[PDB]
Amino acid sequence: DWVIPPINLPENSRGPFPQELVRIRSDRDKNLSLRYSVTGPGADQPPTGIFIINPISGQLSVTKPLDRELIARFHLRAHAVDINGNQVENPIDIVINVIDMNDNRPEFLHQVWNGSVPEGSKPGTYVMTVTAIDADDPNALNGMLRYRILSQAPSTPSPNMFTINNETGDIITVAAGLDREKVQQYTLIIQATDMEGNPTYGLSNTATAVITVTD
């Protein structure tokens, strides 16, 4: 059977509601006198009443701003009986996909990671891996994040003893001169702006790390 073309709607619509879309209707009204209704979540079920369908005509409409993070796609189903309450057309399916929008800053799991790194270690050594997550869609720039170190402290010897794999997020050293008696531990702030690190559309957020130099 031919399948009904999916309506794609982005969350956080700005109304006014009800918004207009498709007009699902049966060609029986060519002599008959139909009447419609919808079913399934958003219709006659939780959120009950988000998708309404003008009994007559068939305009299919949505009554509120949506959010992909609660329900991404809707599997509604339209029906049609004639005024003598028969049943002329088998219920047809309808899919309302909800498209992603970057409306979720990235969280960092632990807001305070900890770790160590040996005494005076050769550069490029691996110290620890911090990570973050983003509720927005993963195969999307709204869910693709990148990490960077905003600050280090103490500021000596070199005010940049570490680095962090912009993609995977594991701290690495690039400078030498680590001495647990000259500096027992470091405190770094870690940012993780999303949108593929994009600075003017990515939503940032932070967490910090304490690197304990091993003796």
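In case it trips you up, residue 1 is the first one in the sequence shown, and so on.
Peer 1: On average, which has the higher Cα B-factor in the deposited entry, 140 to 148 or 76 to 84?
Peer 2: Between 76 to 84 and 140 to 148, it is 140 to 148 that shows the higher mean C-alpha B-factor.
Peer 1: Read off the CA B-factors in the entry, average them over 12 to 20 and over 196 to 204, and name the higher stretch.
Peer 2: Comparing averages over the C-alpha atoms only gives 196 to 204.
Peer 1: Between 54, 31, 26, 166, which carries the biggest CA temperature factor in the record?
Peer 2: Highest C-alpha B-factor among the listed residues goes to 31.
Peer 1: Please place residue 131 in the lowest, middle or highest third of its chain by C-alpha B factor as given in the entry.
Peer 2: Middle third of the chain for residue 131's C-alpha B-factor.
Peer 1: Give the position of residue 109 by CA B-factor within its chain, expressed as the lowest, middle or highest third.
Peer 2: Within its chain, residue 109 is a highest-third residue by C-alpha B-factor, going by the deposited values.
Peer 1: Check where residue 102 lands among this chain's C-alpha B-factors and tell me if it's the lowest, middle or highest third.
Peer 2: Its C-alpha B-factor, which the entry lists for residue 102, ranks in the middle third among residues of this chain.
Peer 1: Where does the C-alpha B-factor of residue 48 rank in its chain, lowest, middle or highest third?
Peer 2: Lowest third - that is where residue 48 ends up once the chain's C-alpha B-factors are sorted.
Peer 1: For residue 39, does the deposited CA B-factor place it in the lowest, middle or highest third of the chain?
Peer 2: Its C-alpha B-factor, which the entry lists for residue 39, ranks in the lowest third among residues of this chain.
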